[PDB]
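Okay, structure first, notes after.
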Amino acid sequence: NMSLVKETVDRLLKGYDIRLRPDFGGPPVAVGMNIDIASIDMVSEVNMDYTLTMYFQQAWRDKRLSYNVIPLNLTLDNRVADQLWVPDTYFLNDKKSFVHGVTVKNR
Amino acid sequence: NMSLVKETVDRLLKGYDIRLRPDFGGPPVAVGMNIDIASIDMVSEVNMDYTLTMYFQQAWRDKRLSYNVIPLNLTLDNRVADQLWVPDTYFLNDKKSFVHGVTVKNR
Amino acid sequence: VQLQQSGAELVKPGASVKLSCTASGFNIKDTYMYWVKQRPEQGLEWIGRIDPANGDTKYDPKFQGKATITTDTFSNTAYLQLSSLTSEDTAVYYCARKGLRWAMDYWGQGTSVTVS
Amino acid sequence: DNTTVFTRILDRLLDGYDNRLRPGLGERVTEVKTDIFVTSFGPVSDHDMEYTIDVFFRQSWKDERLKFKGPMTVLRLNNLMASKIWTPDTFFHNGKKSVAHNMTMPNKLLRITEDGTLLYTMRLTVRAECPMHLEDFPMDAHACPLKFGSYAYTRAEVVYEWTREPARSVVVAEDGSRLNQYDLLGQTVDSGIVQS
Amino acid sequence: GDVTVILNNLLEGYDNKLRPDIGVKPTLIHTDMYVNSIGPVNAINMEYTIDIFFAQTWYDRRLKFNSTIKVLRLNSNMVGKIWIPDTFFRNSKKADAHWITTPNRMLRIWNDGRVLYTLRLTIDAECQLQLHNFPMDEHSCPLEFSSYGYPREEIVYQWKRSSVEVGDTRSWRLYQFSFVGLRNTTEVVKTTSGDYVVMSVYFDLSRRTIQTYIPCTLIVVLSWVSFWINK
Amino acid sequence: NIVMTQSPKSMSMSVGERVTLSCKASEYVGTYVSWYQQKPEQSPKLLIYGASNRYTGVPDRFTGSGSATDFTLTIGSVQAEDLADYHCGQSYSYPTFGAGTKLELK
Ligand SMILES: *[C@@H]1O[C@H](CO)[C@@H](O[C@@H]2O[C@H](CO)[C@@H](O[C@@H]3O[C@H](CO[C@H]4O[C@H](CO[C@H]5O[C@H](CO)[C@@H](O)[C@H](O)[C@@H]5O)[C@@H](O)[C@H](O[C@H]5O[C@H](CO)[C@@H](O)[C@H](O)[C@@H]5O)[C@@H]4O)[C@@H](O)[C@H](O[C@H]4O[C@H](CO)[C@@H](O)[C@H](O)[C@@H]4O[C@H]4O[C@H](CO)[C@@H](O)[C@H](O)[C@@H]4O)[C@@H]3O)[C@H](O)[C@H]2NC(C)=O)[C@H](O)[C@H]1NC(C)=O
Ligand SMILES: *[C@@H]1O[C@H](CO)[C@@H](O[C@@H]2O[C@H](CO)[C@@H](O[C@@H]3O[C@H](CO[C@H]4O[C@H](CO)[C@@H](O)[C@H](O)[C@@H]4O)[C@@H](O)[C@H](O[C@H]4O[C@H](CO)[C@@H](O)[C@H](O)[C@@H]4O)[C@@H]3O)[C@H](O)[C@H]2NC(C)=O)[C@H](O)[C@H]1NC(C)=O
Ligand SMILES: CCOC(=O)c1ncn2c1CN(C)C(=O)c1cc(F)ccc1-2
Ligand SMILES: *[C@@H]1O[C@H](CO)[C@@H](O)[C@H](O)[C@H]1NC(C)=O
Ligand SMILES: *[C@@H]1O[C@H](CO)[C@@H](O)[C@H](O)[C@H]1NC(C)=O
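Here it is, written out as structure tokens:
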């Protein structure tokens, strides 16, 4: 149905504090990363750098985003990722890198 | 006086609905353009492009921004451009374009 | 879903006949409407296409000018008008809808027109 | 008060509208109708194996939560409201660096009809890449593709279809094409399914 | 403790869009800049790079707090609220300010108005290059700034006592030229909108191929040694 | 205009045997070729849209496979009620239809 999902999302994302990562007091959270490479453009010995483009995916378990009403797999619009928690991972060796923005941000 | 102009602007920008162009139901609005080319930097034959820097001006008539208390030429700050209506105007052939940001966005 | 057409039509040469398929169960303004005519035991043949929203109609050049397709959006019905009928024009006429990769998923009952 | 009516109609239209949920989340699937109008087939570069294109990308889907009843029957809305309602994402599988233009304002028009049918066009300049086979150089003939699909939506949720007859969808301007070496020959379309 | 009260009192009933003294005599902005370094100058592109520390001051009757605190410094987090004058460089081709860690901006509000606002910049300007005067060639590279949205009736610039400085002239990275002089002028320019007061600071430069033509003529003249050899 | 060629014109097979049909397209039609099933004195139904995709409510014994020009409808375990006319139809451009294949049991 369409009415249940609205109120379910509204009560999930209300009172959800973004500053606290899940399981704040207790054990660590398991973040599992998965990479799918699309192309490695160029390799330049002048600058000693190579450019790759990859589909980066990472899935973790968060109890606060749990619902028991609908059996479906909710697929939210990419605007909602600004409100949820996201594990910050940086690439220790990069010079320039950007998330593509063809029509919207690609996440 | 200061407070006269203050309250005049405050009542101009109260209830102003930016989503609708002036006279949304009636005849079209007359937008008159005026270009002032400053300088043409470079002209190439390899890329077939030429860069120009110009002063782009345009004036229309909006019946909602009307006031009869102060006879002055009200010149607001460049922030009010986000709250007023402005006609969209794109260049049919431009590979890269931007708006200079020396100390504030020049408009 | 269900497409309903008119009954049989028997008309003498030199007269215009008007065939109609009345849609039901879906709004017509979503998809196009086709018209396929089938002679006795031959391959299907395309007559014309109508778009209810805009109004554009394109016809098979061999039939262009002979048949005009008009639609009544409010009554949710597509109309087919035949003019300049000849003896060899006797064939069955079908109403069609577009859907799922341009495949004509639903077809009407089929109207029989005999000219003599 | 000519605007007091329209402001009421256009605030009631957005009341209780959650932009995070695509239309018909548990009901029938949505169907996005697509079209393309190439302004200028940009300069193909032999070194980088890339080519530039400049399209007026268009989308048209049926959203039932936006219908209403009014005098206009067609709303030519501004470029700002386009971000407050749902808009399907569409990336280019082989795009190295695409840019959407905002010359003086974002170049996106939104047309909400009375039935609920939308139109949401953009303007893009795309540096897509294409593999080349130079075994027949200089007498070779290429086929540089452009593959735009959905993202985050499986086949059971969002399905693309060409707006008009597939042969006539991808339209190219008469004088817009510019190429030094090559010479544009024709366009070809084909829909498939890719699993990831 | 009390400084928060003073700031909240200043910001109540304060309107950002309107410059101070909108109905009466125009505001008088004093200007003073400090040149840090002058980037590489090339004759082909006809342009050069500069790196300055722009600083400008103006009275403002609405920021007139009364307390024992004489002066309050402020971080750059405050610049967005209070009024700030638009000032662009007419000669600029591509200008960008610096935000290496945070936005580089400063704000100082004295006891009776008199805001102070300074910020780092980096400018690329077109320098009219002439070469016939060589060996006596003296190029002049201009840098002229002026308001954008305000006519002469609404804003006026003016320099301070010295208002221009230089430092570390040895490490300015420019090779082909050499810094010599420095001057300052004020003008009035008429445009489509009206009359704009256009400040102008432009400083002179002097010059100090020929090392490459010699190896060609040398080989030419040297190939002739063949002729006087016996057949 | 695009012309569709279909072969064989008419063939008969026994019960429970593999059956192969073919529809040749002169011009280019990239995977927009549909297959219709017309029983005698009824309305033609739909079997395959696109290529190798089965319309809903259709038995699994019908399979398709296609390319730029070649196309093939291969019936599996042909039942008793699978005697009808099969029409190959393309919609890459203004739609046209093939000559039609007539299938009879033996
Ligand atoms: C067409 O689209 C493009 C992109 O879609 C548009 O570009 C975008 O334009 C908007 C509009 O100005 C910019 O938003 C504003 O940017 C300014 C300045 O941006 C500088 O920093 C950028 C990064 O922003 C910060 O945050 C990151 C987070 O890590 C930090 O790392 C940084 O240090 C920054 O603090 C940086 O990306 C910019 O570089 C680019 O832009 C310049 C200028 O165009 C170019 O010259 C460069 O070459 C380069 O391309 C730039 O260095 C920010 O200052 C704005 O934030 C403040 O202002 C807002 C409005 O005033 C306010 O709401 C914010 O909260 C914030 O205010 C805060 O700070 C004030 C003091 O300054 C306080 O007073 C206040 O209380 C508050 O605390 C704002 O972010 C986008 O950045 C810009 N994006 C890109 C990628 O360029 C383009 O403009 C569009 N065209 C048109 C015509 O619209
Ligand atoms: C570096 O990486 C960081 C990582 O996040 C990026 O940070 C994000 O930056 C974007 C844009 O700068 C932020 O987006 C902004 O979010 C604001 C917060 O939303 C509030 O308001 C909405 C209104 O409905 C509420 O629903 C919501 O709950 C929040 O309370 C918005 O207000 C901003 O809106 C502005 O822009 C939109 C764009 O269309 C306009 O429609 C609006 O009218 C308004 O002008 C804006 O959307 C985002 O929040 C930041 N992330 C986080 C986690 O804070 C940096 O942008 C990135 N740096 C660069 C240079 O890319
Ligand atoms: C002449 C006006 O000068 C400024 O406006 C200025 N603004 C900032 N600063 C200065 C002084 N100045 C030349 C510096 O180098 C400097 C050095 C510092 F460590 C801290 C601040 C500054
Ligand atoms: C949701 O995703 C999980 C992950 O594999 C899957 O097991 C489940 O079947 C999905 N839900 C539905 C309704 O298909
Ligand atoms: C205000 O602008 C109008 C626009 O033409 C101009 O005629 C008028 O002189 C201006 N006001 C003053 C006081 O100059």
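Residue numbers (my numbering), protein chains in the order written: chain A, 1109 to 1215; chain B, 1109 to 1215; chain C, 2 to 117; chain D, 1134 to 1329; chain E, 452 to 682; chain F, 4 to 109.
A virtual CB, placed ideally from N, CA and C, is assigned to each residue, including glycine.
#1: What residues match up with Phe630 of chain E in a beta bridge as DSSP calls it?
#2: Anything in chain I within Cβ reach of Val1151 of chain B, meaning under 7 Å, just list it in chain order.
#3: Give me every residue whose Cβ sits closer than 6 Å to any heavy atom of ligand 2, in chain order.
#4: Tell me which residue opens and which closes the alpha helix (DSSP H) that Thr66 of chain F is part of.
#5: Candidates E:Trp509, E:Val456, E:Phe504, E:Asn528: which alpha carbon is nearest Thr478 of chain E's?
#6: Closer than 7 Å to a non-hydrogen atom of ligand 5 - does that hold for the CB of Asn1186 of chain B?
#7: Going by C-alpha to C-alpha distance, which of F:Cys26, F:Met14, F:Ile51, F:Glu30 sits closest to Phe65 of chain F?
#8: Would you check if the distance between the CB atom of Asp646 of chain E and the CB atom of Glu589 of chain E is smaller than 8 Å?
#9: Would the beta-carbon of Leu1180 of chain A be found less than 7 Å away from any heavy atom of ligand 4?
#10: Which residues share a DSSP beta bridge with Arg1244 of chain D?
#11: If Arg102 of chain C sits next to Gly53 of chain F, beta carbons under 8 Å apart, how far is it from one beta carbon to the other, in whole angstroms?
#12: Against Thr1321 of chain D, what residues of chain F qualify as contacts under a CB-to-CB distance less than 9 Å, listed in chain order?
#13: Closer than 9 Å, Cβ to any Cβ of chain A: which residues of the segment 1148-1164 of chain D, in chain order?
#14: If you follow the beta strand (DSSP E) that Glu589 of chain E is part of, which residue opens it and which one closes it?
#15: Could you work out which residue in D:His1275, D:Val1327, D:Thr1246 is closest to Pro1204 of chain D when comparing CA atoms only?
#16: Candidates F:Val18, F:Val36, F:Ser10, F:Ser13: which alpha carbon is nearest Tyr95 of chain F's?
#17: Determine the burial state of residue 1218 of chain A: buried for a count of at least 16 other Cβ atoms within 10 Å of its Cβ, exposed for fewer.
#18: Tell me whether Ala71 of chain F is buried or exposed, calling it buried when 16 or more other Cβ atoms sit within 10 Å of its Cβ.
#19: Along the beta strand (DSSP E) that carries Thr78 of chain C, what are the first and last residues, could you check?
#20: Going by alpha carbons, who is nearest to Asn1214 of chain A out of D:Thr1237, D:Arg1244, D:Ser1231?
#21: Going along the chain, which residues of its own chain have a beta-carbon closer than 7 Å to the beta-carbon of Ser113 of chain C, five neighbours each way excluded?
#22: Quick check on the DSSP output: what are the complete beta strand (DSSP E) runs of length 3 or more inside the segment 1221-1294 of chain D, in order along the chain?
#23: Report buried or exposed for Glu1268 of chain D, applying the criterion of at least 16 other Cβ atoms within 10 angstroms of its Cβ.
#24: What does residue 683 of chain E pair with, by DSSP beta-bridge criteria?
#25: Take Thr34 of chain F and list the residues in its own chain whose beta-carbon comes closer than 7 Å to its own, dropping the five residues that flank it on each side.
#26: I'd like to check one pair, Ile1178 of chain B with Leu1112 of chain B: are the Cβ atoms closer than 8 Å?
#27: Using a cut-off of 9 Å between C-beta atoms, extract the partners of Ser1324 of chain D located in chain F.
#28: By Cβ distance, which residues of its chain are closer than 6 Å to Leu1279 of chain D, with the 5 residues on each side in sequence left out?
#29: The beta strand (DSSP E) that contains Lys59 of chain C, what's its start and end?
#30: Per the DSSP calculation, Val1151 of chain B is bridged to which residue(s)?
#31: By Cβ distance below 7 Å, which residues in the same chain neighbour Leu1210 of chain D in space, the five residues on each side in sequence not counted?
#32: Straight-line CA distance for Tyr608 of chain E to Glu638 of chain E?
#33: At the level of alpha carbons, what is the spacing between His1208 of chain A and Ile560 of chain E?
#34: How big is the Cα-Cα spacing for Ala1300 of chain D and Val1322 of chain D?
#35: Using alpha carbons as the reference points, say which of C:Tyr60, C:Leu4, C:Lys99 lies closest to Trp47 of chain C.
So, from the listed chains and residues:
#1: E:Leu656
#2: Here the protein chains are A, B, C, D, E and F, and chain I is not one of them.
#3: A:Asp1190, D:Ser1216
#4: That residue, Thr66 of chain F, is in no alpha helix (DSSP H); its beta strand (DSSP E) goes 65-69.
#5: E:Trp509
#6: no
#7: F:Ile51
#8: no
#9: yes
#10: D:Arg1209
#11: 5 Å
#12: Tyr31, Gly33
#13: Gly1149, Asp1151, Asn1152, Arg1153, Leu1154, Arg1155, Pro1156, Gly1157, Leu1158, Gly1159, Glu1160
#14: 589-594
#15: D:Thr1246
#16: F:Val36
#17: The structure shown does not extend to residue 1218 of chain A, since chain A is modelled only from 1109 through 1215, so no value can be given for it.
#18: exposed
#19: 78-83
#20: D:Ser1231
#21: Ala9, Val93
#22: 1242-1246, 1257-1262
#23: exposed
#24: Coverage of chain E is limited to positions 452 through 682, which leaves residue 683 of chain E absent and any answer about it impossible.
#25: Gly53, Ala54, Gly69
#26: yes
#27: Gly33, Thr34, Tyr35, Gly53
#28: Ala1261
#29: 58-60
#30: B:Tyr1158
#31: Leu1243, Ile1245
#32: 10 Å
#33: 43 Å
#34: 7 Å
#35: C:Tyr60
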